[PDB]
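Q: Here it is, the structure in full.
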Amino acid sequence: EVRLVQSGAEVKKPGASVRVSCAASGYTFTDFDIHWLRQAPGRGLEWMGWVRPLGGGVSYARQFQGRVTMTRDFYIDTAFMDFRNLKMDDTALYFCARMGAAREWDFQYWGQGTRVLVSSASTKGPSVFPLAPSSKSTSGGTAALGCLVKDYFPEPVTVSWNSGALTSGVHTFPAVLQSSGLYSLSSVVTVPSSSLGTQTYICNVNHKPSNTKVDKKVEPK
Amino acid sequence: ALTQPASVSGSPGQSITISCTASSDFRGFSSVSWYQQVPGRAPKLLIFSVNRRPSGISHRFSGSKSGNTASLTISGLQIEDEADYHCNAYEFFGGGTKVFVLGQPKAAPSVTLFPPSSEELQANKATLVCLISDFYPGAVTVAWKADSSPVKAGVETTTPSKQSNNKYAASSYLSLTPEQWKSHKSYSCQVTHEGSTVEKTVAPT
């Protein structure tokens with residue numbers, strides 16, 4: 001019955017700002033403070049501060065004072081976290097949380113999380129290269145072919161095959177993060193090796209952040 | 001200022017214990033809380049005052065404290081217990097602990113290596129794609145070789161992620177110039193898993 005719903009993911013450049021909202025419901029909004037925490041990639045949780053719906057009082061950890069502003073709209077039971085002058089190491093999964101009724105710093109209710117990526121990289125559509133099947137990629141009755149979705153930003157891309165008509169054997173691997181700030185993944189499909197000369201295989205790469213769609217025909221070479 | 005072990009592994013049925021140690025000067029350490037978190041998802045409170053558990057939490061989770069060290073004990077380890085675990089006292093959180101549940105038999109990886117496409121070489125780029133899948137547990141050492149020499153520069157390997165069949169997959173990319181690719185006899189993706197090695201090789205021919 002108690003729900004904390006946060007706004008969608010964000011991608012920013014160093015020095016920009018971001019507003020994350022926390023829509024609370026299922027309880028009396030003024031009875032509990034709303035806390036804010038963040039989780040850096042591969043790290044633990046870090047408490048940032050809280051905002052008090054009754055009166056609007058706030059509290060901050062030191063390293064967020066001067067850059068983070070916490071407010072609330074008590075008419076719509078929503079808390080806000082404004083983070084200005086973002087740095088690259090502010091990249092984290094951001095959470096709003098509420099204490100349990102014991103109020104002993106036991107966070108019983110959590111928002112679903114908001115991804116905030118702060119990178120000096122800019123939006124870039126992917127370069128799609130065919131992973132052609134050959135004698136070094138066949139396994140007897142089956143053969144592996146795929147598509148290399150290289151150097152895009154930011155996440156995500158979706159990959160289908162033959163306009164979604166090819167489902168079985170498709171394995172899209174999680175993306176890797178190059179040191180250039182760009183992402184790359186691969187999508188391979190296991191197909192019968194006898195069909196290599198007759199069946200057409202086309203991967204359909206969609207990268208909504210750059211408004212780019214690529215259809216790449218993959219044939220043996 | 002809260003220290004947790006990096007990881008703890010166990011097999012189903014066993015009891016494991018995760019520690020959470022505060023500094024010697026820490027006066028509020030009696031209100032320790034414990035959380036379960038699937039990475040990327042919201043934490044879930046398990047224990048909130050050394051040993052109190054909320055409604056709806058399994059009795060297989062219990063908490064305790066002995067001075068500056070709190071402990072979360074998981075009785076009767078289950079596969080669903082594989083997640084990250086966090087402790088906190090006031091605004092101070094521990095580093096987190098990854099819990100692994102060895103609930104599947106060992107499984108050897110399948111390795112597929114793709115050379116650079118000619119279309120990427122025409123753009124004066126070259127990427128070798130090594131795809132590792134269907135292995136268990138998810139601890140593989142990926143090593144690349146130019147001819148027979150180890151390669152350190154240009155490698156990017158993902159962390160193993162679980163598939164639908166409860167086995168792991170990973171991908172490793174070797175970035176090199178077209179001249180590096182065409183000047184060597186071959187390149188190799190060497191995958192070692194549980195004392196066994198699978199190696200795939202491609203040549204610029």
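Please note that chains go A, B, ... in the order of the structure tokens, that every chain numbers its residues from 1, and that ligands are numbered from 1 in the order shown.
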When you get a sec, could you note down which chain B residues fall within 6 Å of chain A, using only C-alpha atoms, as a PDB file with N, CA and C atoms, in the first residue's frame?
A:
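Done, and the output landed in result_7.pdb:
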ATOM      1  N   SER B  33      20.701  -2.161  10.952  1.00  0.00           N
ATOM      2  CA  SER B  33      19.731  -2.706  10.020  1.00  0.00           C
ATOM      3  C   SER B  33      20.451  -3.480   8.926  1.00  0.00           C
ATOM      4  N   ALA B  42      15.751  -2.089  -5.823  1.00  0.00           N
ATOM      5  CA  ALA B  42      15.614  -1.455  -4.520  1.00  0.00           C
ATOM      6  C   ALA B  42      15.994  -2.435  -3.412  1.00  0.00           C
ATOM      7  N   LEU B  45      14.577  -4.342   3.426  1.00  0.00           N
ATOM      8  CA  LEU B  45      14.935  -4.456   4.833  1.00  0.00           C
ATOM      9  C   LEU B  45      14.658  -5.866   5.339  1.00  0.00           C
ATOM     10  N   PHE B  48      16.170  -4.945  11.498  1.00  0.00           N
ATOM     11  CA  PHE B  48      16.242  -3.501  11.687  1.00  0.00           C
ATOM     12  C   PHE B  48      16.673  -3.012  13.066  1.00  0.00           C
ATOM     13  N   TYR B  90      22.371   4.388  11.520  1.00  0.00           N
ATOM     14  CA  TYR B  90      22.145   5.819  11.258  1.00  0.00           C
ATOM     15  C   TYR B  90      22.499   6.066   9.790  1.00  0.00           C
ATOM     16  N   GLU B  91      23.197   7.151   9.470  1.00  0.00           N
ATOM     17  CA  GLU B  91      23.506   7.457   8.081  1.00  0.00           C
ATOM     18  C   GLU B  91      24.700   6.678   7.550  1.00  0.00           C
ATOM     19  N   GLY B  95      30.108  -1.410   3.185  1.00  0.00           N
ATOM     20  CA  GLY B  95      30.472  -1.485   1.781  1.00  0.00           C
ATOM     21  C   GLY B  95      29.615  -2.430   0.970  1.00  0.00           C
ATOM     22  N   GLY B  96      28.876  -3.309   1.626  1.00  0.00           N
ATOM     23  CA  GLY B  96      28.087  -4.313   0.944  1.00  0.00           C
ATOM     24  C   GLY B  96      28.832  -5.631   0.828  1.00  0.00           C
ATOM     25  N   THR B 158      33.374  -8.004 -19.837  1.00  0.00           N
ATOM     26  CA  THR B 158      32.240  -7.753 -18.964  1.00  0.00           C
ATOM     27  C   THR B 158      32.273  -8.687 -17.757  1.00  0.00           C
TER      28      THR B 158
END
Q: For residue 71 in chain B, find every residue with an atom within 9 Å (counting only C-alpha atoms), except residues of its own chain fewer than 3 positions away, and show them as a list in words.
A: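 Returned residues: residues 17, 18, 19, 20, 21, 50, 62, 63, 64, 65 and 66 of chain B.
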Q: Need the shell around residue 8 in chain B: protein/DNA/RNA residues with any atom at most 7 Å away, counting only C-alpha atoms. Skip same-chain ones fewer than 2 positions apart. Format as a PyMOL selection string?
A: chain B and resi 10+98-100
Q: Would you mind telling me which residue in B:137, B:160, B:109, B:115 lies nearest to residue 203 in chain B when using only C-alpha atoms?
A: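 Once distances to residue 203 in chain B are computed over only C-alpha atoms, the minimum belongs to B:115.
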Q: Fewer than 2 positions away in the same chain doesn't count, so skip those; otherwise give me all residues within 9 Å of range 65-69 of chain A, counting only C-alpha atoms, as a list in words.
A: residues 48, 58, 59, 60, 61, 62, 63, 71, 80, 81, 82, 83, 84, 85 and 86 of chain A
Q: Can you write out the residues you just picked, keeping N, CA, C and O atoms, as a PDB file, in the first residue's frame?
A:
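The resulting part-v1.pdb:
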ATOM      1  N   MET A  48      22.589  10.691   1.655  1.00  0.00           N
ATOM      2  CA  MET A  48      22.785  12.060   1.194  1.00  0.00           C
ATOM      3  C   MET A  48      22.120  13.090   2.093  1.00  0.00           C
ATOM      4  O   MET A  48      22.727  14.119   2.411  1.00  0.00           O
ATOM      5  N   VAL A  58      15.414  20.465   6.154  1.00  0.00           N
ATOM      6  CA  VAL A  58      16.317  19.604   5.407  1.00  0.00           C
ATOM      7  C   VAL A  58      17.549  19.310   6.255  1.00  0.00           C
ATOM      8  O   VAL A  58      17.826  19.976   7.252  1.00  0.00           O
ATOM      9  N   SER A  59      18.288  18.289   5.831  1.00  0.00           N
ATOM     10  CA  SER A  59      19.572  17.939   6.417  1.00  0.00           C
ATOM     11  C   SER A  59      20.405  17.281   5.329  1.00  0.00           C
ATOM     12  O   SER A  59      19.870  16.534   4.509  1.00  0.00           O
ATOM     13  N   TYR A  60      21.705  17.571   5.317  1.00  0.00           N
ATOM     14  CA  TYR A  60      22.584  17.095   4.257  1.00  0.00           C
ATOM     15  C   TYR A  60      23.886  16.572   4.839  1.00  0.00           C
ATOM     16  O   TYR A  60      24.410  17.125   5.811  1.00  0.00           O
ATOM     17  N   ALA A  61      24.407  15.512   4.228  1.00  0.00           N
ATOM     18  CA  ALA A  61      25.811  15.178   4.399  1.00  0.00           C
ATOM     19  C   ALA A  61      26.669  16.287   3.795  1.00  0.00           C
ATOM     20  O   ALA A  61      26.254  16.979   2.861  1.00  0.00           O
ATOM     21  N   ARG A  62      27.880  16.449   4.335  1.00  0.00           N
ATOM     22  CA  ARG A  62      28.675  17.638   4.033  1.00  0.00           C
ATOM     23  C   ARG A  62      28.959  17.769   2.539  1.00  0.00           C
ATOM     24  O   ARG A  62      28.789  18.848   1.960  1.00  0.00           O
ATOM     25  N   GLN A  63      29.396  16.682   1.899  1.00  0.00           N
ATOM     26  CA  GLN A  63      29.849  16.755   0.512  1.00  0.00           C
ATOM     27  C   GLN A  63      28.728  17.056  -0.479  1.00  0.00           C
ATOM     28  O   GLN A  63      29.015  17.245  -1.666  1.00  0.00           O
ATOM     29  N   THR A  71      13.510  19.494  -1.598  1.00  0.00           N
ATOM     30  CA  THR A  71      12.259  20.188  -1.317  1.00  0.00           C
ATOM     31  C   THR A  71      11.107  19.195  -1.293  1.00  0.00           C
ATOM     32  O   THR A  71      11.327  17.982  -1.382  1.00  0.00           O
ATOM     33  N   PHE A  80      11.541  16.114  -3.809  1.00  0.00           N
ATOM     34  CA  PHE A  80      12.418  16.425  -4.926  1.00  0.00           C
ATOM     35  C   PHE A  80      13.859  16.504  -4.451  1.00  0.00           C
ATOM     36  O   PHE A  80      14.141  16.943  -3.334  1.00  0.00           O
ATOM     37  N   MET A  81      14.768  16.069  -5.319  1.00  0.00           N
ATOM     38  CA  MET A  81      16.204  16.141  -5.072  1.00  0.00           C
ATOM     39  C   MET A  81      16.841  16.810  -6.283  1.00  0.00           C
ATOM     40  O   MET A  81      16.883  16.225  -7.370  1.00  0.00           O
ATOM     41  N   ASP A  82      17.322  18.038  -6.097  1.00  0.00           N
ATOM     42  CA  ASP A  82      17.947  18.817  -7.158  1.00  0.00           C
ATOM     43  C   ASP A  82      19.456  18.785  -6.977  1.00  0.00           C
ATOM     44  O   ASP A  82      19.976  19.271  -5.969  1.00  0.00           O
ATOM     45  N   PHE A  83      20.154  18.225  -7.959  1.00  0.00           N
ATOM     46  CA  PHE A  83      21.602  18.065  -7.913  1.00  0.00           C
ATOM     47  C   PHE A  83      22.196  18.905  -9.034  1.00  0.00           C
ATOM     48  O   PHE A  83      22.018  18.587 -10.215  1.00  0.00           O
ATOM     49  N   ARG A  84      22.892  19.976  -8.672  1.00  0.00           N
ATOM     50  CA  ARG A  84      23.465  20.900  -9.638  1.00  0.00           C
ATOM     51  C   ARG A  84      24.983  20.779  -9.638  1.00  0.00           C
ATOM     52  O   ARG A  84      25.591  20.378  -8.641  1.00  0.00           O
ATOM     53  N   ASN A  85      25.584  21.124 -10.778  1.00  0.00           N
ATOM     54  CA  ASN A  85      27.031  21.061 -10.973  1.00  0.00           C
ATOM     55  C   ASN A  85      27.545  19.635 -10.750  1.00  0.00           C
ATOM     56  O   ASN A  85      28.440  19.380  -9.942  1.00  0.00           O
ATOM     57  N   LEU A  86      26.951  18.704 -11.491  1.00  0.00           N
ATOM     58  CA  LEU A  86      27.274  17.290 -11.347  1.00  0.00           C
ATOM     59  C   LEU A  86      28.706  16.998 -11.785  1.00  0.00           C
ATOM     60  O   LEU A  86      29.229  17.595 -12.728  1.00  0.00           O
TER      61      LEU A  86
END
Q: Which residues come within 10 Å of residue 119 in chain A, counting only C-alpha atoms, excluding same-chain residues fewer than 4 positions away, as a list in words?
A: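 Returned residues: residues 11, 12, 13, 14, 86, 87, 88, 89, 90, 91, 153, 154, 181 and 182 of chain A.
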Q: So which bits of chain B end up strand (DSSP E or B) when you DSSP the backbone, as a PDB file with C-alpha atoms, in the first residue's frame?
A:
ATOM      1  CA  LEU B   2      31.138   0.225   8.558  1.00  0.00           C
ATOM      2  CA  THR B   3      33.203  -2.659   7.170  1.00  0.00           C
ATOM      3  CA  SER B   7      31.939 -11.686  -0.635  1.00  0.00           C
ATOM      4  CA  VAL B   8      30.702 -14.858   1.063  1.00  0.00           C
ATOM      5  CA  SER B   9      29.989 -18.148  -0.723  1.00  0.00           C
ATOM      6  CA  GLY B  10      27.935 -21.115   0.427  1.00  0.00           C
ATOM      7  CA  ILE B  16      26.448 -18.417   6.448  1.00  0.00           C
ATOM      8  CA  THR B  17      27.188 -15.279   8.446  1.00  0.00           C
ATOM      9  CA  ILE B  18      27.903 -11.761   7.181  1.00  0.00           C
ATOM     10  CA  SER B  19      29.723  -9.435   9.566  1.00  0.00           C
ATOM     11  CA  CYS B  20      29.329  -5.668   9.957  1.00  0.00           C
ATOM     12  CA  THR B  21      31.978  -4.012  12.128  1.00  0.00           C
ATOM     13  CA  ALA B  22      31.853  -0.423  13.341  1.00  0.00           C
ATOM     14  CA  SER B  33      19.731  -2.706  10.020  1.00  0.00           C
ATOM     15  CA  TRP B  34      20.288  -5.299   7.290  1.00  0.00           C
ATOM     16  CA  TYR B  35      19.139  -5.164   3.672  1.00  0.00           C
ATOM     17  CA  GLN B  36      18.878  -7.552   0.744  1.00  0.00           C
ATOM     18  CA  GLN B  37      19.390  -6.114  -2.730  1.00  0.00           C
ATOM     19  CA  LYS B  44      14.741  -4.839   1.056  1.00  0.00           C
ATOM     20  CA  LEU B  45      14.935  -4.456   4.833  1.00  0.00           C
ATOM     21  CA  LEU B  46      15.559  -7.819   6.531  1.00  0.00           C
ATOM     22  CA  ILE B  47      16.511  -6.951  10.137  1.00  0.00           C
ATOM     23  CA  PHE B  61      17.337 -14.497   8.468  1.00  0.00           C
ATOM     24  CA  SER B  62      18.427 -13.559  11.983  1.00  0.00           C
ATOM     25  CA  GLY B  63      20.625 -10.817  13.360  1.00  0.00           C
ATOM     26  CA  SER B  64      22.970 -10.556  16.332  1.00  0.00           C
ATOM     27  CA  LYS B  65      25.578  -8.238  17.802  1.00  0.00           C
ATOM     28  CA  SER B  66      28.673  -8.714  19.973  1.00  0.00           C
ATOM     29  CA  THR B  69      30.503  -6.369  15.355  1.00  0.00           C
ATOM     30  CA  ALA B  70      27.006  -7.134  14.080  1.00  0.00           C
ATOM     31  CA  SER B  71      26.211 -10.316  12.170  1.00  0.00           C
ATOM     32  CA  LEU B  72      23.496 -11.438   9.765  1.00  0.00           C
ATOM     33  CA  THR B  73      23.033 -15.215   9.695  1.00  0.00           C
ATOM     34  CA  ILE B  74      21.219 -16.951   6.834  1.00  0.00           C
ATOM     35  CA  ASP B  84      23.941  -8.211  -2.154  1.00  0.00           C
ATOM     36  CA  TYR B  85      23.566  -7.486   1.552  1.00  0.00           C
ATOM     37  CA  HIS B  86      24.045  -4.135   3.274  1.00  0.00           C
ATOM     38  CA  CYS B  87      24.163  -3.019   6.895  1.00  0.00           C
ATOM     39  CA  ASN B  88      23.576   0.460   8.242  1.00  0.00           C
ATOM     40  CA  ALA B  89      23.582   2.292  11.559  1.00  0.00           C
ATOM     41  CA  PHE B  92      26.523   5.112   7.980  1.00  0.00           C
ATOM     42  CA  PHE B  93      26.415   2.185   5.552  1.00  0.00           C
ATOM     43  CA  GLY B  94      28.770  -0.723   5.065  1.00  0.00           C
ATOM     44  CA  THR B  97      28.628  -8.068   0.707  1.00  0.00           C
ATOM     45  CA  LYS B  98      28.012 -10.260  -2.324  1.00  0.00           C
ATOM     46  CA  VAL B  99      26.535 -13.639  -1.373  1.00  0.00           C
ATOM     47  CA  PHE B 100      27.011 -16.550  -3.774  1.00  0.00           C
ATOM     48  CA  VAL B 101      24.955 -19.749  -3.595  1.00  0.00           C
ATOM     49  CA  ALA B 107      29.352 -26.349 -16.344  1.00  0.00           C
ATOM     50  CA  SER B 110      31.182 -22.506 -24.774  1.00  0.00           C
ATOM     51  CA  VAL B 111      33.526 -20.061 -26.512  1.00  0.00           C
ATOM     52  CA  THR B 112      32.962 -18.339 -29.861  1.00  0.00           C
ATOM     53  CA  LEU B 113      35.532 -15.951 -31.339  1.00  0.00           C
ATOM     54  CA  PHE B 114      34.840 -13.622 -34.249  1.00  0.00           C
ATOM     55  CA  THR B 127      37.649  -5.615 -32.938  1.00  0.00           C
ATOM     56  CA  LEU B 128      37.884  -9.253 -31.869  1.00  0.00           C
ATOM     57  CA  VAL B 129      34.698 -10.502 -30.198  1.00  0.00           C
ATOM     58  CA  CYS B 130      34.907 -13.411 -27.746  1.00  0.00           C
ATOM     59  CA  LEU B 131      31.580 -14.713 -26.424  1.00  0.00           C
ATOM     60  CA  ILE B 132      31.514 -17.006 -23.380  1.00  0.00           C
ATOM     61  CA  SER B 133      28.269 -18.647 -22.309  1.00  0.00           C
ATOM     62  CA  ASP B 134      26.658 -21.513 -20.386  1.00  0.00           C
ATOM     63  CA  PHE B 135      29.284 -21.836 -17.652  1.00  0.00           C
ATOM     64  CA  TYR B 136      28.841 -22.344 -13.913  1.00  0.00           C
ATOM     65  CA  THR B 141      39.592 -15.895 -16.333  1.00  0.00           C
ATOM     66  CA  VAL B 142      39.715 -14.530 -19.887  1.00  0.00           C
ATOM     67  CA  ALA B 143      43.167 -14.081 -21.425  1.00  0.00           C
ATOM     68  CA  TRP B 144      44.064 -12.905 -24.927  1.00  0.00           C
ATOM     69  CA  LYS B 145      47.149 -13.864 -26.915  1.00  0.00           C
ATOM     70  CA  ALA B 146      48.876 -12.328 -29.919  1.00  0.00           C
ATOM     71  CA  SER B 149      52.325 -13.648 -26.290  1.00  0.00           C
ATOM     72  CA  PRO B 150      49.843 -12.419 -23.671  1.00  0.00           C
ATOM     73  CA  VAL B 151      47.997  -9.205 -24.524  1.00  0.00           C
ATOM     74  CA  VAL B 155      41.008  -5.811 -23.632  1.00  0.00           C
ATOM     75  CA  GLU B 156      37.530  -5.107 -22.237  1.00  0.00           C
ATOM     76  CA  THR B 157      35.714  -7.958 -20.469  1.00  0.00           C
ATOM     77  CA  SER B 161      25.773 -12.178 -15.908  1.00  0.00           C
ATOM     78  CA  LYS B 162      23.182 -14.889 -15.356  1.00  0.00           C
ATOM     79  CA  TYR B 168      26.501 -17.355 -16.834  1.00  0.00           C
ATOM     80  CA  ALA B 169      27.601 -15.503 -19.946  1.00  0.00           C
ATOM     81  CA  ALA B 170      30.275 -12.924 -20.652  1.00  0.00           C
ATOM     82  CA  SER B 171      31.920 -11.164 -23.574  1.00  0.00           C
ATOM     83  CA  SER B 172      35.495  -9.970 -24.042  1.00  0.00           C
ATOM     84  CA  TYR B 173      36.578  -7.475 -26.704  1.00  0.00           C
ATOM     85  CA  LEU B 174      40.104  -6.944 -28.021  1.00  0.00           C
ATOM     86  CA  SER B 175      40.600  -3.576 -29.721  1.00  0.00           C
ATOM     87  CA  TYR B 187      45.084 -14.032 -32.029  1.00  0.00           C
ATOM     88  CA  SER B 188      43.547 -16.208 -29.328  1.00  0.00           C
ATOM     89  CA  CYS B 189      40.812 -15.964 -26.691  1.00  0.00           C
ATOM     90  CA  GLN B 190      41.777 -18.259 -23.807  1.00  0.00           C
ATOM     91  CA  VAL B 191      39.017 -19.096 -21.314  1.00  0.00           C
ATOM     92  CA  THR B 192      39.946 -20.921 -18.102  1.00  0.00           C
ATOM     93  CA  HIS B 193      37.157 -22.192 -15.852  1.00  0.00           C
ATOM     94  CA  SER B 196      40.047 -26.409 -17.527  1.00  0.00           C
ATOM     95  CA  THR B 197      40.793 -24.215 -20.538  1.00  0.00           C
ATOM     96  CA  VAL B 198      38.975 -23.586 -23.822  1.00  0.00           C
ATOM     97  CA  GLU B 199      40.942 -21.647 -26.434  1.00  0.00           C
ATOM     98  CA  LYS B 200      39.716 -20.259 -29.759  1.00  0.00           C
ATOM     99  CA  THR B 201      42.024 -18.756 -32.380  1.00  0.00           C
ATOM    100  CA  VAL B 202      41.511 -16.599 -35.477  1.00  0.00           C
TER     101      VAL B 202
END
Q: When distances are computed from only C-alpha atoms, which of B:153, B:102, B:83, B:126 shows the smallest separation from residue 167 in chain B?
A: B:102
Q: What parts of range 13-110 of chain A does DSSP call helix (DSSP H, G or I)? I'd like the answer as a PDB file with N, CA, C and O atoms, in the first residue's frame.
A:
ATOM      1  N   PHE A  29       1.736  11.735   4.529  1.00  0.00           N
ATOM      2  CA  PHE A  29       3.005  12.242   4.015  1.00  0.00           C
ATOM      3  C   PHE A  29       3.806  12.980   5.084  1.00  0.00           C
ATOM      4  O   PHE A  29       5.041  12.903   5.102  1.00  0.00           O
ATOM      5  N   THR A  30       3.132  13.696   5.984  1.00  0.00           N
ATOM      6  CA  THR A  30       3.830  14.531   6.957  1.00  0.00           C
ATOM      7  C   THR A  30       4.339  13.760   8.168  1.00  0.00           C
ATOM      8  O   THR A  30       4.981  14.365   9.032  1.00  0.00           O
ATOM      9  N   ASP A  31       4.084  12.456   8.257  1.00  0.00           N
ATOM     10  CA  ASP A  31       4.517  11.678   9.411  1.00  0.00           C
ATOM     11  C   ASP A  31       5.947  11.165   9.296  1.00  0.00           C
ATOM     12  O   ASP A  31       6.516  10.741  10.307  1.00  0.00           O
ATOM     13  N   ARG A  62      27.880  16.449   4.335  1.00  0.00           N
ATOM     14  CA  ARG A  62      28.675  17.638   4.033  1.00  0.00           C
ATOM     15  C   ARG A  62      28.959  17.769   2.539  1.00  0.00           C
ATOM     16  O   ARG A  62      28.789  18.848   1.960  1.00  0.00           O
ATOM     17  N   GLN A  63      29.396  16.682   1.899  1.00  0.00           N
ATOM     18  CA  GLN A  63      29.849  16.755   0.512  1.00  0.00           C
ATOM     19  C   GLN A  63      28.728  17.056  -0.479  1.00  0.00           C
ATOM     20  O   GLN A  63      29.015  17.245  -1.666  1.00  0.00           O
ATOM     21  N   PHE A  64      27.474  17.104  -0.036  1.00  0.00           N
ATOM     22  CA  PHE A  64      26.368  17.463  -0.911  1.00  0.00           C
ATOM     23  C   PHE A  64      25.837  18.866  -0.650  1.00  0.00           C
ATOM     24  O   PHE A  64      25.036  19.368  -1.448  1.00  0.00           O
ATOM     25  N   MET A  88      31.581  13.642 -12.612  1.00  0.00           N
ATOM     26  CA  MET A  88      31.572  12.298 -13.180  1.00  0.00           C
ATOM     27  C   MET A  88      31.360  11.242 -12.101  1.00  0.00           C
ATOM     28  O   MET A  88      30.686  10.232 -12.336  1.00  0.00           O
ATOM     29  N   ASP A  89      31.918  11.458 -10.910  1.00  0.00           N
ATOM     30  CA  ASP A  89      31.767  10.497  -9.824  1.00  0.00           C
ATOM     31  C   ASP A  89      30.439  10.635  -9.089  1.00  0.00           C
ATOM     32  O   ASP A  89      30.226   9.937  -8.091  1.00  0.00           O
ATOM     33  N   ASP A  90      29.553  11.518  -9.544  1.00  0.00           N
ATOM     34  CA  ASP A  90      28.173  11.527  -9.079  1.00  0.00           C
ATOM     35  C   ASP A  90      27.314  10.508  -9.810  1.00  0.00           C
ATOM     36  O   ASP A  90      26.128  10.375  -9.491  1.00  0.00           O
TER      37      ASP A  90
END
Q: Can you pull out the residues contacting residue 181 in chain B? Cut-off 8 Å, using only C-alpha atoms, and skip same-chain residues under 5 positions away; I want them as an mmCIF file with N, CA, C and O atoms, in the first residue's frame.
A:
data_model
loop_
_atom_site.group_PDB
_atom_site.id
_atom_site.type_symbol
_atom_site.label_atom_id
_atom_site.label_comp_id
_atom_site.auth_asym_id
_atom_site.auth_seq_id
_atom_site.Cartn_x
_atom_site.Cartn_y
_atom_site.Cartn_z
ATOM 1 N N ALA B 126 39.418 -2.402 -35.868
ATOM 2 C CA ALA B 126 39.459 -3.859 -35.784
ATOM 3 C C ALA B 126 39.103 -4.275 -34.369
ATOM 4 O O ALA B 126 39.740 -3.825 -33.412
ATOM 5 N N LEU B 176 42.220 -3.383 -31.513
ATOM 6 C CA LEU B 176 43.547 -3.267 -32.095
ATOM 7 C C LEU B 176 43.449 -2.553 -33.434
ATOM 8 O O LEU B 176 42.382 -2.484 -34.050
ATOM 9 N N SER B 186 48.244 -14.978 -35.629
ATOM 10 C CA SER B 186 46.907 -15.254 -35.122
ATOM 11 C C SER B 186 46.716 -14.544 -33.788
ATOM 12 O O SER B 186 47.672 -14.069 -33.167
ATOM 13 N N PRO B 204 44.326 -13.572 -39.548
ATOM 14 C CA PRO B 204 43.918 -12.573 -40.550
ATOM 15 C C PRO B 204 43.800 -13.111 -41.971
ATOM 16 O O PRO B 204 43.632 -12.334 -42.915
#
Q: Interatomic distance between CA of residue 18 in chain A and CA of residue 38 in chain A?
A: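 Atom-to-atom, CA of residue 18 in chain A to CA of residue 38 in chain A, that is 13.8 Å.
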Q: Calculate how many Å separate CA of residue 193 in chain A from CA of residue 140 in chain A, rounding to one decimal.
A: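 Separating CA of residue 193 in chain A from CA of residue 140 in chain A is a distance of 7.4 Å.
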Q: Quick check, in Å to one decimal: how far apart do CA of residue 143 in chain A and CA of residue 190 in chain A lie?
A: 5.7 Å
Q: If we count only C-alpha atoms, what is near residue 206 in chain A at a cut-off of 9 Å, once residues fewer than 2 positions away on the same chain are taken out, given as an MDAnalysis selection string?
A: chainID A and resid 156:160 204 208 211:215
